[PDB]
Amino acid sequence: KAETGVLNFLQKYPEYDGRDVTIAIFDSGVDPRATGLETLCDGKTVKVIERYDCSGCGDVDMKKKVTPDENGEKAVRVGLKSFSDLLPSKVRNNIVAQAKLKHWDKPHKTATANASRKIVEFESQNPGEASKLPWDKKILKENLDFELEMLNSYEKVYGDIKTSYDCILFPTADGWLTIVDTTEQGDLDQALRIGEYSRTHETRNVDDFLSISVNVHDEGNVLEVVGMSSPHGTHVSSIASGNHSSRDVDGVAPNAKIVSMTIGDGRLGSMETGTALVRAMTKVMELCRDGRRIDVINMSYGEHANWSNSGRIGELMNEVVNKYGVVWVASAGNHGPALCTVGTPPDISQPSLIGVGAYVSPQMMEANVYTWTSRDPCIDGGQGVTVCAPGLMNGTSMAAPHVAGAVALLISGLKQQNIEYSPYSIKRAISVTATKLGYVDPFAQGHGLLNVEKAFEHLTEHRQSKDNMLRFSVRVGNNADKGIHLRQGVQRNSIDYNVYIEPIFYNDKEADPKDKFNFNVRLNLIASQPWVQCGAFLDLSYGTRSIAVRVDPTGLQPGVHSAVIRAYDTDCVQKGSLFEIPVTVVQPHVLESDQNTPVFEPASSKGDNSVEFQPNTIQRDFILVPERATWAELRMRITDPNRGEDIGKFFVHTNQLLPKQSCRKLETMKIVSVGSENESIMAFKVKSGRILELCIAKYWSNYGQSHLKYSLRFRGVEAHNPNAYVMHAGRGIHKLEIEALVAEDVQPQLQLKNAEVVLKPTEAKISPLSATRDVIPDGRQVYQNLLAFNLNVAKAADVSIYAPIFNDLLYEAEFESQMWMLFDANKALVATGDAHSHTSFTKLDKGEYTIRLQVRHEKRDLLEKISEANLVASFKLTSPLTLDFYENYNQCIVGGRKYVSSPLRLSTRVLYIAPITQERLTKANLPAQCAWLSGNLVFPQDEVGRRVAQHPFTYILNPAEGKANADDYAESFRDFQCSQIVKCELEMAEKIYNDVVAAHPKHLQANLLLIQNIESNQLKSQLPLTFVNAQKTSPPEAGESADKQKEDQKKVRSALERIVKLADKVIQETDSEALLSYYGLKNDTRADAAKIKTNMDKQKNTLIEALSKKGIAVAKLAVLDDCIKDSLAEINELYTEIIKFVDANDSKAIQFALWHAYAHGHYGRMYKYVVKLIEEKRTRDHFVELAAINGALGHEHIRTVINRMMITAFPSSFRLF
Amino acid sequence: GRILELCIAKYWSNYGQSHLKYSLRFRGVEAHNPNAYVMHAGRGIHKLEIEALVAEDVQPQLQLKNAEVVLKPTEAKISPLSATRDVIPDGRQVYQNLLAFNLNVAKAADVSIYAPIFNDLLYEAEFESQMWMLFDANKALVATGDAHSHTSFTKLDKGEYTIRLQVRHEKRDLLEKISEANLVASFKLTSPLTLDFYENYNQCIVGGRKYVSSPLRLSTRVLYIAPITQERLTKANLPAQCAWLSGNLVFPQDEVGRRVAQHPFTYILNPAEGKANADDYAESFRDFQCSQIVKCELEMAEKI
């Protein structure tokens, strides 16, 4: 719809519906089944011919082959008779969740139809006593309280459970058949049986509200699932194409064929990845080379860059446009209004992409999420916006799609009228044809609005011109910029520029028939305005030619001024301009700085200034910031009388451009509410000697014409000494030489909020990737450099992970990849990041993690330069360390009188910060091994100036670090023996042990050691229920052998229980319990003869282990005899004697309690225990036991969930890249 | 932005009345970005936002000349001194806080030793004492410094040294604030590490095309320095345990402007870090025995 503004009349070439042409949709994926993309106008042919997920997010590792010896993953296997070409006999298998192929904003997919049986919660209450102290039912209330907690705990956790399915595929003749276990249970042939989408099983199969497609690579080593779930990608294709057969809701070219290519990575959910794009272009390139040309691409997608002159992703774009003649359409961006805000796509290393601004016709008056189109100065100087149309996820306001479809229409007849064209001749044709809209912001568009039928005229005519196959490379001033952009800068002098203009033959200069050497290129150049000057003639016939141009800013009054140098073919001057040289000058207001703070007020007309706003008005004042200015204050109020107390809403976009930095590094975008009554005030950070743009637009008003009265006041105060903001803990006292701008109440505050540690690469393997997928034509194999890292959390905290050398750059980077994945100790996935990850904080539990970093490129010897690249882990500190300031050095070194707040006018004030004391550091519980602490240093007292005028601060840490007797030999020999008896064959140890005890009777430790051995050679370490459940069935072996193996267990626990009693009797606890709790007298009167805990705490640490090991042993026996009931007495008297010492939750006894709890039927307590263990260790065994606990409780909705965690939390392999 | 005094006098002339024709020309070019002149080895690629004063041929050079290590106080004993000598009337006993340190030279090199918090101040300091004495492994005296010792370089042979630091004052509870005071040892590096510059970031990360000298007028030029490779560091034979390297960063090409327009630069380093058989028992038992026969009474060892 809305299709009329650009054309509805070229359709009077009705046979130009989009025939013989296929568009490429780089986006969040599309949905074929959706009404409109079902078929092309043929009413029969399928439109969405292909669809990939180039991010690698949908990969599955089908590496494990297993023959269907089912008869003749994780759970079971059942599926044959389906030996349909399953040659040669085998099958591949893997596991994969799909919570990522799905936009993370669909957790509602988690519906509790049969999950809310938790609600039946039995809170057994207390008709007993009044306060906390009953004996001995305190355990009962514990057990009960703990069940309720457990239930609630699972309630809080439900939505976090991701489910992973089983995948199967084998090589039939019809291609490849893949099976997804929908019905997890019945492995029957009643599940998803999808075929290769490409090989024409181009059909969606569903789980529910989640359609799936499939591709196969690496000879069947990888499965690629494709997720439709992402609206953006669909509507984009619905505007470009969309056969509805009515020219009312139809796309712009219903006959055009679409190929969805998800370039968003679900793991980043859902950002673009260098890799993704590289793969997308790779495919395109491949398809073109192989007869199936794709003629147009459409990117409603993209971010910003820190430069244009460099980048691999960009340089590849210039190859898919120059070599494969693909017309690449991309949205200018949704980052308006403040100009110089065009983001990458299309701001790359050359004007090879068609940027499309977006405009809303007055025909559409309408009222968080608005987004102005980005304006086209372009920060290189060049021009990003090529045209406009009605309308990471560049919304596009979906008009890029429009244009894309429009470009399809032109290429319909351009090819069936047999017209030789280029991606240049097309972008060139549309440009010098469009209608400049005098009611739309000059910068927001570029060559006004697309006019198709007129642009086709241009192409039909001049079709016999060689200019159509020529590109004109325009690069400025040795940096190869694509435009002249004066914005430093107080432009009072004129300046000269050396522009290099070079002709480039469409593809390249290769014989047959190209390139017809020396295509005599003579052209003239006309300046758009008087203040720009250059020659009027230039001959390019013999290659690259330089040309000087002079800009005279002297006459230009403050504000932005634009101009262009159009060039024409001397001969046919009617071909319109061939190319343009974009000049754009910014003349800043200067603010005198002497009496009080510098202030900017718009010029006053007829008394009061008060700028007038309308639904269109965009006021952009360019101001050169005063030196010493740290922040700014924006005051504004609505003038025009009455209006009452109603509020107006204005959009403020501040934007400063810093040396080789993206526009997003000093920018603010705040929707400010303004009233007539009192003055509104917003503040923003500011940089001294550089131009600042104060762009103000009108959001929504309740009106349609207001009058704003505003001003900018400049304030500032900071440290001028060289290396302030960075302080080394071992370089003595730190100083800050503070100078303020015309008086400021100075009152500094420094809070070190998070501690960062450096992770060095353990390994750096460079490996070739796939020869099937990752190979850019022709013969360019893409290699990966895999860097491994070890992170180690000791105490749970919010942690961010980033790679300094790669972070900050997405496009415009030398390498086409970053992406790190934080892995669990169990190979699970904990987190995953890319560019700009320093901001994302994944909260980690204690334990050892792994991090993998993958860097892609085609030149191996460049990946080698990356092999030492480190990572950084920023731990959020619970307690932000606050640093004090001092005004007198000597007062600082001793830490006496602190600094006292006071005003500071035109002088220099020196403050000091003394190194942080050692005690305050260990109490900060820093990570290992911390490198530095970081925070923000604030100067001004003004509270609002504090929230904005923040200076990155860093505090770096300094590095860490008798002639033996036959008696002595006796002690040395026992220890040598004891150290052995634990690691030997228990039949050898029983001997050794005997010799030890005979020689050293009182040496009880020998008992415990034999135990550890006996219980390591004979019986598996398993928890209560897991032990019980594992004492039944399992018939694979012998029905007889099942006794000799379980009678070996009995003998052992018997032998084990007696070994404990030996360390229980001759260690009488009664008296041993007169020093620990009966301590009182610190160090026992400091007699320094018994001030040795080493002996006492030893006699007890040995005791607890004896009691502990005994109980857990006399409990297993009870289970073997099935009589925990008529044995429960001992377990109790035994458990009640341990607690008298270190409590049950200590490693020492933690899992004798688990048995006690079991024997008492306290399934609640068991949970409370098996979580303690799950906090330190986390083993599958913990979960299977935590599952069994539920089964015994009855909750099988819970246990069904626990069985899902496991499947995913303990994968077979690390997730692919 | 500060006043400069150009004072000119007459030394000796052969005459008694001359006429001087002189002028001062001001030049300049340096990095304006905040924490330049200080680069952490693990914070990725370093950048320098260079702005020159009315045109200067810019050609930077950075030589890391000496590696400094941090010495923490092993002990910090506060002790009363003499009641006969060190007592300021009337009844003010002067106490000393004695800080002990361990320095450890592995390879002979010129070394300077200084106490950051005390160095730089002689008078006008809160405490009335510094003075550190470097002692031999044999208790001999190797060196001894005070305020402004960061400049004196005592050449040390390999071996373990001791350093004592004495801080005097009459208020004990003020000496306690000093108890954590560290020292610094600057090892002169035989081979000054020379760092390369790049004009294009991407060219820097891969270490290709280096920066090419050129004039710079009224604009901003951004250069980059990539972290030093691990190999080039161990071949620099750094001390243990080095904290940072230091040197001087130069901007202008003018050779005379280089000898004078020096900027203190610092490069901080990142932190470092089966069921035995009766046969197996036999091997384990010999080793246990052998380990003994050396430390026993030789009459017992001859048996073993």
# chains A, B, ... in the order shown; residues from 1 in each chain; ligands from 1
>>> residues_around(residues="region 392-398 of chain A", least_positions_apart="4", cutoff="7 Å", atoms="only C-alpha atoms", output="ChimeraX atom specification")
/A:236,271-272,300-303,331,333-334,358,402
>>> residues_around(residues="residue 956 (chain A)", least_positions_apart="5", cutoff="8 Å", atoms="only C-alpha atoms", output="PyMOL selection string")
chain A and resi 726-729+931-933
>>> interface_residues(of="chain B", to="chain A", cutoff="8 Å", atoms="only C-alpha atoms", output="MDAnalysis selection string")
chainID B and resid 34:38 42:45 49 70 115:117 125:126 174 177:178 180 182:184 202:203 205:207 219:222 229:230 241 243 270:272 274:278 281 288 292 295:297 300
>>> write_last_selection(atoms="C-alpha atoms", output="PDB file, in the first residue's frame")
ATOM      1  CA  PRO B  34      42.785  11.696  28.782  1.00  0.00           C
ATOM      2  CA  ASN B  35      44.991   8.834  29.921  1.00  0.00           C
ATOM      3  CA  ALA B  36      47.633   8.856  27.209  1.00  0.00           C
ATOM      4  CA  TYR B  37      51.223   8.408  28.393  1.00  0.00           C
ATOM      5  CA  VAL B  38      49.924   5.433  30.394  1.00  0.00           C
ATOM      6  CA  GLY B  42      45.703  -6.007  28.823  1.00  0.00           C
ATOM      7  CA  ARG B  43      43.343  -3.183  27.874  1.00  0.00           C
ATOM      8  CA  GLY B  44      43.771  -3.761  24.151  1.00  0.00           C
ATOM      9  CA  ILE B  45      45.256  -1.361  21.614  1.00  0.00           C
ATOM     10  CA  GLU B  49      44.901  11.699  19.926  1.00  0.00           C
ATOM     11  CA  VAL B  70      57.177  -2.998  43.708  1.00  0.00           C
ATOM     12  CA  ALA B 115      60.037   5.291  48.474  1.00  0.00           C
ATOM     13  CA  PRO B 116      57.219   7.003  46.527  1.00  0.00           C
ATOM     14  CA  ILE B 117      55.400   8.486  49.542  1.00  0.00           C
ATOM     15  CA  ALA B 125      57.252  16.686  55.007  1.00  0.00           C
ATOM     16  CA  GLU B 126      55.142  15.378  57.889  1.00  0.00           C
ATOM     17  CA  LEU B 174      51.187   8.720  62.853  1.00  0.00           C
ATOM     18  CA  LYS B 177      49.772   5.167  58.958  1.00  0.00           C
ATOM     19  CA  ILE B 178      53.121   4.543  57.259  1.00  0.00           C
ATOM     20  CA  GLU B 180      52.191  -0.288  54.536  1.00  0.00           C
ATOM     21  CA  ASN B 182      56.072   0.235  49.659  1.00  0.00           C
ATOM     22  CA  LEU B 183      59.320   0.784  47.758  1.00  0.00           C
ATOM     23  CA  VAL B 184      60.147   0.819  44.058  1.00  0.00           C
ATOM     24  CA  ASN B 202      43.017  -2.304  11.658  1.00  0.00           C
ATOM     25  CA  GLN B 203      46.578  -2.073  10.359  1.00  0.00           C
ATOM     26  CA  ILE B 205      45.834  -5.024  15.282  1.00  0.00           C
ATOM     27  CA  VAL B 206      47.572  -7.076  12.588  1.00  0.00           C
ATOM     28  CA  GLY B 207      50.862  -5.174  12.779  1.00  0.00           C
ATOM     29  CA  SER B 219      43.672  18.807  12.646  1.00  0.00           C
ATOM     30  CA  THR B 220      43.666  15.783  14.949  1.00  0.00           C
ATOM     31  CA  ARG B 221      45.758  12.705  14.166  1.00  0.00           C
ATOM     32  CA  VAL B 222      45.113   9.407  15.921  1.00  0.00           C
ATOM     33  CA  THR B 229      54.135  -9.510  22.316  1.00  0.00           C
ATOM     34  CA  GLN B 230      54.954 -12.138  24.942  1.00  0.00           C
ATOM     35  CA  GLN B 241      58.226  -9.461  39.591  1.00  0.00           C
ATOM     36  CA  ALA B 243      55.038  -4.168  37.694  1.00  0.00           C
ATOM     37  CA  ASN B 270      49.286  -7.783  33.885  1.00  0.00           C
ATOM     38  CA  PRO B 271      49.636 -10.337  36.751  1.00  0.00           C
ATOM     39  CA  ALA B 272      51.331 -13.713  36.266  1.00  0.00           C
ATOM     40  CA  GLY B 274      45.421 -45.610  39.597  1.00  0.00           C
ATOM     41  CA  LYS B 275      45.372 -48.348  42.253  1.00  0.00           C
ATOM     42  CA  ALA B 276      49.040 -48.873  43.142  1.00  0.00           C
ATOM     43  CA  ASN B 277      50.611 -52.318  42.862  1.00  0.00           C
ATOM     44  CA  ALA B 278      53.066 -54.140  45.144  1.00  0.00           C
ATOM     45  CA  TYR B 281      54.880 -49.737  46.154  1.00  0.00           C
ATOM     46  CA  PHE B 288      61.048 -42.814  50.263  1.00  0.00           C
ATOM     47  CA  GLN B 292      65.922 -40.351  53.837  1.00  0.00           C
ATOM     48  CA  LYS B 295      69.355 -36.516  56.139  1.00  0.00           C
ATOM     49  CA  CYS B 296      69.912 -39.371  58.606  1.00  0.00           C
ATOM     50  CA  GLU B 297      72.688 -40.242  61.024  1.00  0.00           C
ATOM     51  CA  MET B 300      71.613 -45.426  60.012  1.00  0.00           C
TER      52      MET B 300
END
>>> residues_around(residues="residue 770 (chain A)", least_positions_apart="2", cutoff="8 Å", atoms="only C-alpha atoms", output="PyMOL selection string")
chain A and resi 218+768+772-775+781-782
>>> residues_around(residues="residue 572 (chain A)", least_positions_apart="4", cutoff="12 Å", atoms="only C-alpha atoms", output="PyMOL selection string")
chain A and resi 462+464-467+521-524+567-568+576-578
>>> closest_residue(among="A:1135, A:970, A:85, A:1072", to="residue 289 (chain B)", atoms="only C-alpha atoms")
A:970
>>> closest_atom_pairs(of="region 1095-1199 of chain A", to="region 157-177 of chain A", cutoff="12 Å", atoms="only C-alpha atoms", output="CSV")
residue,atom,partner,partner_atom,distance
A:1197,CA,A:158,CA,10.9
A:1198,CA,A:158,CA,9.3
A:1199,CA,A:158,CA,11.8
>>> select_by_dssp(residues="region 48-244 of chain B", states="helix (DSSP H, G or I)", output="mmCIF file with C-alpha atoms, in the first residue's frame")
data_model
loop_
_atom_site.group_PDB
_atom_site.id
_atom_site.type_symbol
_atom_site.label_atom_id
_atom_site.label_comp_id
_atom_site.auth_asym_id
_atom_site.auth_seq_id
_atom_site.Cartn_x
_atom_site.Cartn_y
_atom_site.Cartn_z
ATOM 1 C CA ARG B 172 53.528 6.989 67.216
ATOM 2 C CA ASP B 173 49.967 6.772 65.890
ATOM 3 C CA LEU B 174 51.187 8.720 62.853
ATOM 4 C CA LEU B 175 53.996 6.254 62.166
ATOM 5 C CA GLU B 176 51.334 3.537 62.023
ATOM 6 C CA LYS B 177 49.772 5.167 58.958
ATOM 7 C CA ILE B 178 53.121 4.543 57.259
ATOM 8 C CA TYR B 201 43.642 0.789 13.782
ATOM 9 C CA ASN B 202 43.017 -2.304 11.658
ATOM 10 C CA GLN B 203 46.578 -2.073 10.359
ATOM 11 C CA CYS B 204 47.721 -1.985 13.982
ATOM 12 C CA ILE B 205 45.834 -5.024 15.282
ATOM 13 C CA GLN B 230 54.954 -12.138 24.942
ATOM 14 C CA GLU B 231 58.138 -13.287 23.207
ATOM 15 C CA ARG B 232 59.669 -9.810 23.074
ATOM 16 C CA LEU B 233 59.100 -9.520 26.833
ATOM 17 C CA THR B 234 60.931 -12.640 28.009
#
>>> closest_residue(among="A:183, A:1029, A:1213, A:344", to="residue 663 (chain A)", atoms="only C-alpha atoms")
A:344
>>> residues_around(residues="residue 217 (chain B)", least_positions_apart="6", cutoff="9 Å", atoms="only C-alpha atoms", output="NGL selection string")
:B and (51-57)
>>> write_last_selection(atoms="N, CA, C and O atoms", output="PDB file, in the first residue's frame")
ATOM      1  N   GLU B  51      47.255  16.413  18.639  1.00  0.00           N
ATOM      2  CA  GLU B  51      47.001  17.724  18.055  1.00  0.00           C
ATOM      3  C   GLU B  51      48.259  18.578  18.157  1.00  0.00           C
ATOM      4  O   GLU B  51      48.867  18.678  19.222  1.00  0.00           O
ATOM      5  N   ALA B  52      48.651  19.188  17.042  1.00  0.00           N
ATOM      6  CA  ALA B  52      49.867  19.992  17.004  1.00  0.00           C
ATOM      7  C   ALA B  52      49.552  21.480  17.004  1.00  0.00           C
ATOM      8  O   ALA B  52      48.443  21.891  16.667  1.00  0.00           O
ATOM      9  N   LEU B  53      50.539  22.282  17.387  1.00  0.00           N
ATOM     10  CA  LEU B  53      50.401  23.730  17.370  1.00  0.00           C
ATOM     11  C   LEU B  53      50.852  24.295  16.029  1.00  0.00           C
ATOM     12  O   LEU B  53      52.034  24.240  15.689  1.00  0.00           O
ATOM     13  N   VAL B  54      49.899  24.834  15.277  1.00  0.00           N
ATOM     14  CA  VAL B  54      50.163  25.440  13.974  1.00  0.00           C
ATOM     15  C   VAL B  54      51.245  24.714  13.168  1.00  0.00           C
ATOM     16  O   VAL B  54      52.312  25.265  12.897  1.00  0.00           O
ATOM     17  N   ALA B  55      50.959  23.468  12.802  1.00  0.00           N
ATOM     18  CA  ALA B  55      51.816  22.695  11.901  1.00  0.00           C
ATOM     19  C   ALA B  55      53.140  22.234  12.509  1.00  0.00           C
ATOM     20  O   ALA B  55      53.999  23.046  12.852  1.00  0.00           O
ATOM     21  N   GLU B  56      53.299  20.918  12.621  1.00  0.00           N
ATOM     22  CA  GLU B  56      54.553  20.315  13.061  1.00  0.00           C
ATOM     23  C   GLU B  56      54.741  18.957  12.399  1.00  0.00           C
ATOM     24  O   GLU B  56      53.804  18.165  12.315  1.00  0.00           O
ATOM     25  N   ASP B  57      55.952  18.691  11.922  1.00  0.00           N
ATOM     26  CA  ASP B  57      56.271  17.384  11.361  1.00  0.00           C
ATOM     27  C   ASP B  57      56.304  16.355  12.483  1.00  0.00           C
ATOM     28  O   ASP B  57      57.274  16.281  13.239  1.00  0.00           O
TER      29      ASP B  57
END
>>> residues_around(residues="residue 739 (chain A)", least_positions_apart="6", cutoff="10 Å", atoms="only C-alpha atoms", output="list in words")
residues 628, 716, 717, 718, 719, 720, 721, 746, 904, 905, 906, 907, 908, 909 and 910 of chain A
>>> atom_distance(atom1="CA of residue 188 (chain B)", atom2="CA of residue 60 (chain B)")
22.1 Å
>>> select_by_dssp(residues="region 933-1031 of chain A", states="strand (DSSP E)", output="mmCIF file with N, CA, C and O atoms, in the first residue's frame")
data_model
loop_
_atom_site.group_PDB
_atom_site.id
_atom_site.type_symbol
_atom_site.label_atom_id
_atom_site.label_comp_id
_atom_site.auth_asym_id
_atom_site.auth_seq_id
_atom_site.Cartn_x
_atom_site.Cartn_y
_atom_site.Cartn_z
ATOM 1 N N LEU A 933 40.834 -1.918 39.679
ATOM 2 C CA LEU A 933 39.465 -1.557 40.007
ATOM 3 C C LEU A 933 39.079 -0.371 39.138
ATOM 4 O O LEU A 933 39.933 0.446 38.786
ATOM 5 N N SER A 934 37.801 -0.271 38.788
ATOM 6 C CA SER A 934 37.333 0.836 37.963
ATOM 7 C C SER A 934 36.065 1.471 38.520
ATOM 8 O O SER A 934 35.248 0.805 39.154
ATOM 9 N N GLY A 935 35.914 2.768 38.276
ATOM 10 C CA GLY A 935 34.759 3.512 38.737
ATOM 11 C C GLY A 935 34.689 4.860 38.051
ATOM 12 O O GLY A 935 35.354 5.086 37.040
ATOM 13 N N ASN A 936 33.884 5.762 38.598
ATOM 14 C CA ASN A 936 33.727 7.088 38.016
ATOM 15 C C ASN A 936 34.080 8.197 38.998
ATOM 16 O O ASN A 936 33.600 8.217 40.134
ATOM 17 N N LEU A 937 34.927 9.117 38.549
ATOM 18 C CA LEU A 937 35.336 10.255 39.362
ATOM 19 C C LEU A 937 34.478 11.473 39.046
ATOM 20 O O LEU A 937 34.339 11.862 37.886
ATOM 21 N N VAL A 938 33.902 12.070 40.084
ATOM 22 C CA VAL A 938 33.041 13.236 39.918
ATOM 23 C C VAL A 938 33.647 14.454 40.609
ATOM 24 O O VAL A 938 34.251 14.332 41.672
ATOM 25 N N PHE A 939 33.486 15.625 40.005
ATOM 26 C CA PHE A 939 34.081 16.843 40.544
ATOM 27 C C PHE A 939 33.062 17.819 41.143
ATOM 28 O O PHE A 939 33.187 18.210 42.303
ATOM 29 N N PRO A 940 32.052 18.220 40.352
ATOM 30 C CA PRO A 940 31.126 19.272 40.789
ATOM 31 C C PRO A 940 30.234 18.829 41.942
ATOM 32 O O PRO A 940 29.956 17.638 42.087
ATOM 33 N N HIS A 951 33.823 10.906 34.936
ATOM 34 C CA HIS A 951 35.122 10.606 34.350
ATOM 35 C C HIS A 951 35.547 9.185 34.694
ATOM 36 O O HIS A 951 35.672 8.842 35.869
ATOM 37 N N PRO A 952 35.766 8.349 33.669
ATOM 38 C CA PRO A 952 36.234 6.976 33.882
ATOM 39 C C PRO A 952 37.530 6.958 34.685
ATOM 40 O O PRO A 952 38.530 7.535 34.254
ATOM 41 N N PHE A 953 37.509 6.306 35.842
ATOM 42 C CA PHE A 953 38.693 6.213 36.686
ATOM 43 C C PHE A 953 39.148 4.764 36.807
ATOM 44 O O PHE A 953 38.335 3.841 36.754
ATOM 45 N N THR A 954 40.453 4.572 36.967
ATOM 46 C CA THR A 954 41.017 3.232 37.077
ATOM 47 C C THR A 954 42.152 3.150 38.102
ATOM 48 O O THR A 954 43.075 3.965 38.101
ATOM 49 N N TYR A 955 42.063 2.149 38.972
ATOM 50 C CA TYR A 955 43.006 1.957 40.066
ATOM 51 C C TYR A 955 43.691 0.609 39.892
ATOM 52 O O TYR A 955 43.103 -0.431 40.175
ATOM 53 N N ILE A 956 44.932 0.619 39.419
ATOM 54 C CA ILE A 956 45.604 -0.631 39.085
ATOM 55 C C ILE A 956 46.346 -1.219 40.289
ATOM 56 O O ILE A 956 47.015 -0.500 41.035
#
>>> residues_around(residues="region 369-376 of chain A", least_positions_apart="3", cutoff="7 Å", atoms="only C-alpha atoms", output="list in words")
residues 332, 333, 334, 335, 336, 337, 338, 339, 340, 341, 342, 357, 358, 383, 384, 385, 443 and 444 of chain A
>>> atom_distance(atom1="CA of residue 388 (chain A)", atom2="CA of residue 701 (chain A)")
26.1 Å
